[PDB]
Structure formats: C-alpha cells, structure tokens
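Trainee: Below is a structure I'd like to ask you about.
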Amino acid sequence: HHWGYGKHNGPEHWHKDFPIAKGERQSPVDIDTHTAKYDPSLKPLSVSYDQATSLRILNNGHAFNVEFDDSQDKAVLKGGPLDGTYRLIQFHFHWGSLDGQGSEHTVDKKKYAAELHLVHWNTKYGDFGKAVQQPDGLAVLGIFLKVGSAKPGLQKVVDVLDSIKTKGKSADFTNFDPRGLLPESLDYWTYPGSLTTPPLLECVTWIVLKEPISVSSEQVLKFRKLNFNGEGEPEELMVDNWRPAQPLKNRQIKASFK
Ligand SMILES: [N]S(=O)(=O)[C][C][C]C1234B567B89%10B%11%12%13B85%14B%1158B%12%11%15B%139%12B%1061B%12%112C5%153B%14874
Ligand SMILES: [Zn+2]
C-alpha cells in the first residue's frame, strides 16, 4: 500500500507516511499575482543547457523522468534568486485527465493542463542525496503547459512514450536538448518550498516561469496513454499525477518582473 495519486493512496493520505506533508514550506502553492511583490534585487535567471547530455527516459510508476548525466558541470541553473550553481539531474511532468487540470502550481487559482519540472541540485553539497537534506539543496524550474499549437521540441519525448508504457520500463534517450522546452521569456516567480511528491522534503527553491509553453492536444493525449501499473497488470491510465496547492503559511512569493 504505497503512495500514489488515487483516492486511497493519493495526496490527502501522504501525511501518514510522510508527516512533513503538513509542514511550514510545502509545495505547490497558488501564486496570487496581485500579492507577489516585484523584487528589483532579483537577478535574471541563467539557464545554461548548451552541453546537457540526456541519457535515458524512465516510467517510474508516477510520471516519466528524462535523466541527464550530472557527473560534471554541464547543464546548470544559476542567478535568479540562487546563490551558487545547480546542476540539472532530470525533468518530468505532471498532467491531468482533461485540459482544465494537471498543473501543481496555480496562478490566481488557474490550473494549466500540465507542468514541467526541471530538477537541479546545489553543487556545494556534492551529490543529490546530500542536497535534499539541505534547505537550499535543490532548485526546480517550473513551466506551465497550455493546449494549443504543438511544441516541436517536445515531440521526441512524446514519440518514445509507447516504449515505456508501464511502470519500470526505461529506454535509451540520448541527445535530447531541453532548450526546446523553454518559453521565450524567463520572467519568474520564486518562493521557498518542497518536493511535491514523497518524501516531500523542504529543500527546494522554486522558480516558476510566468510564460507557459503551448503543446498540442495530440501531444498531451499521448501523455495520458501511459500507465501507472506495471506490464501484465490491470490498466490504470497515468493521469492526474499532480498534488494540489498547499497552504502558503509564512512565505512571500517574489516576482522578477514589474
Ligand atoms: N515534483 S518535484 O518536487 O520536482 C519531485 C519529483 C519526484 C522526485 B523523483 B525521486 B528523486 B527523483 B527526484 B526526488 B525523489 B522523487 B523526488 C524528485 B525526482
Ligand atoms: Zn514535479
């Protein structure tokens, strides 16, 4: 009886195994755009993905992860609200059963169809497992997805999904360029928060981009053909793999833009 997204094991149950679910800096949150304060001390974000080396794509039973070689400083995030250098380890998505839900963060209570998370760890802690034990250990870049025009840079991901339909399947996934998943603008909101899945550790500086990317209905429909179950098990479509907004508590969301 492991955690997942269903009504007997989903987000309202997670606190029993992970009591930090009811902590002081949980994610995601609703971004109230009129209350977020412009902070002129915030720096532009530096996203350096020119040397990113993807290796593999994995269906972990919750989502799919596109994994990178993080054994050297290649793909790094810096600037913005961050002190120091954060190395890209993986990306994944959260999405819905229908286009009206799927994102984890919300904007003035608006839910997007999906949300991309690019996960990076702070190199000053040496490895990812040490980073997640620190309040400034991770930086996750969050990008909203809306349904309209296709995202050409997403199509390589979409086309490999048939080969990782079920939990525990992986596939080689080299030379994928995550620059093709970024919007034009790097304007962002930022706040201190947590992982949005168990173990829910309070280790993340969230950077949520204001500009969504557009993906096609066909692209998101292929996300929704994945399975939460393993091969040879009854089919449970991989949809609605998002945690709802959590209480903001004693936090301020800052905006990089006027
Ligand atoms: N939504 S999120 O906060 O970016 C957490 C994504 C899930 C996981 B998978 B395992 B390790 B791998 B890394 B940390 B652990 B789970 B948390 C992030 B990724
Ligand atoms: Zn995530």
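Swiss-Prot numbering applies to chain A: residues 3-260, in that order.
Structure method, as recorded: X-ray crystallography, 1.0 Å.
Keep in mind that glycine also has a Cβ here, set from the backbone N, Cα and C atoms.
Straight from Swiss-Prot, here's the annotation block:
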- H64: active site, proton donor/acceptor (ACT_SITE)
- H94, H96, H119: Zn(2+) binding site (BINDING)
- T198, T199: substrate binding site (BINDING)
- 3-259: domain 'Alpha-carbonic anhydrase' (DOMAIN)
- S165: phosphoserine (MOD_RES)
- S172: phosphoserine (MOD_RES)
- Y7: site 'Fine-tunes the proton-transfer properties of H-64' (SITE)
- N62: site 'Fine-tunes the proton-transfer properties of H-64' (SITE)
- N67: site 'Fine-tunes the proton-transfer properties of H-64' (SITE)
Trainee: Of the recorded positions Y7, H64, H119, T198, which ones put their CB under 6 Å from ligand 2?
Mentor: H119, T198
Trainee: Can you give me the same-chain residues 6 or more apart in sequence from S172 (phosphoserine) with a CB-CB distance under 8 Å?
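Mentor: In sequence order, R58, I59, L60, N61, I166 meet the Cβ cut-off.
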Trainee: Minimum Cβ neighbour count within 10 Å among the recorded positions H64, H94, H96, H119: which residue?
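Mentor: Among the recorded positions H64, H94, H96, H119, the lowest count of other Cβ atoms within 10 Å belongs to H64.
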Trainee: Listed recorded positions are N62, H64, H94, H96; which of them have CA atoms within 10 A of the CA of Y7 (site 'Fine-tunes the proton-transfer properties of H-64')?
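Mentor: Among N62, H64, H94, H96, the ones whose Cα sits within 10 Å of that of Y7 (site 'Fine-tunes the proton-transfer properties of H-64') are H64.
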Trainee: For the recorded Zn(2+) site formed by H94, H96, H119, which further same-chain residues have Cβ atoms within 8 Å of the site's Cβ center?
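Mentor: Apart from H94, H96, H119, the close residues are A65, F93, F95, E106, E117, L118, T198.
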Trainee: Return the residues near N62 (site 'Fine-tunes the proton-transfer properties of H-64') by Cβ distance under 8 Å, restricted to its own chain and a separation of at least 6 in sequence.
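Mentor: Expected: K169, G170.
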Trainee: Taking DSSP three-state, what's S165 (phosphoserine) in: helix, strand or coil?
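Mentor: Note: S165 (phosphoserine) is helical by DSSP.
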Trainee: Could you state the whole-number distance in Å separating the C-alpha atoms of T199 (substrate binding site) and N67 (site 'Fine-tunes the proton-transfer properties of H-64')?
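Mentor: If we compare the Cα positions of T199 (substrate binding site) and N67 (site 'Fine-tunes the proton-transfer properties of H-64'), the gap is 13 Å.
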Trainee: Going through the recorded positions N62, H64, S165, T199 in sequence order, which have a CB under 6 Å from an atom of ligand 1?
Mentor: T199
Trainee: I want to check the contact list for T198 (substrate binding site): same chain, sequence separation of six or more, C-beta distance under 8 angstroms. What comes out?
Mentor: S29, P30, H96, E106, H119, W244, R245
Trainee: Take the C-alpha atoms of the residue listed as 'active site, proton donor/acceptor' and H94 (Zn(2+) binding site) and report the distance between them in angstrom, rounded.
Mentor: 10
Trainee: Going by DSSP, is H64 (active site, proton donor/acceptor) sitting in a helix, a strand, or coil?
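Mentor: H64 (active site, proton donor/acceptor) sits in coil per DSSP, no helix or strand.
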